[PDB]
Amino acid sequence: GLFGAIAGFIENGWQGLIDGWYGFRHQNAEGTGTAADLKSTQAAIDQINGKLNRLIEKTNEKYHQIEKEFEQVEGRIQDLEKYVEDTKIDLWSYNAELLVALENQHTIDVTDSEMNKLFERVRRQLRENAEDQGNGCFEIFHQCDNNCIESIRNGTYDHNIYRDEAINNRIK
């Protein structure tokens, strides 16, 4: 993927994340836990759903057309009727092949993007209080109880409260 987050600096996915596409797994003085991130999951689902509804706008309705099978050789007209149909089928087969390939290219990049936006979001909430570990994890340089963890997850964490503690730990 263009971002190198999914199948990239995130080693793998979590089979136990059964209620979201993206989430937080933490470790603190009280233990460990996993929760789903709703915004990032919703942003990905919306875009995928968007592109699926888009693929339905149904405009293929045909009645009297031309004959497509023949009981006897005829030559000139028949050649044309078959060439016409064969030309049509090739072009649509081509459209469908390309549409899927490029759609899949894009979806995979979108999903990789949304993973990255989540990472970046949290990076910004933590400021100088945390360091990127290289694997989708932040080391947090202060005590962070369950309420504090949740404040990160719900975007109310205020880095100024922990700043002196964190900056001090960062430096010895």
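Don't overthink the numbering: it's just position in the shown sequence, from 1.
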| property | result |
| --- | --- |
| Of 86 to 94 and 68 to 76, the one with larger mean CA B-factor | 68 to 76 |
| Between the two ranges 56 to 64 and 143 to 151, the one averaging a larger CA B factor in the entry | 56 to 64 |
| Peak C-alpha temperature factor (PDB record), options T107, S113, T32, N129 | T32 |
| Position of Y162 among the chain's modelled residues by C-alpha B-factor, lowest, middle or highest third | highest |
| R121 by Cα B-factor - lowest, middle or highest third of the modelled chain | lowest |
| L2 CA temperature factor, ranked by third within the chain | lowest |
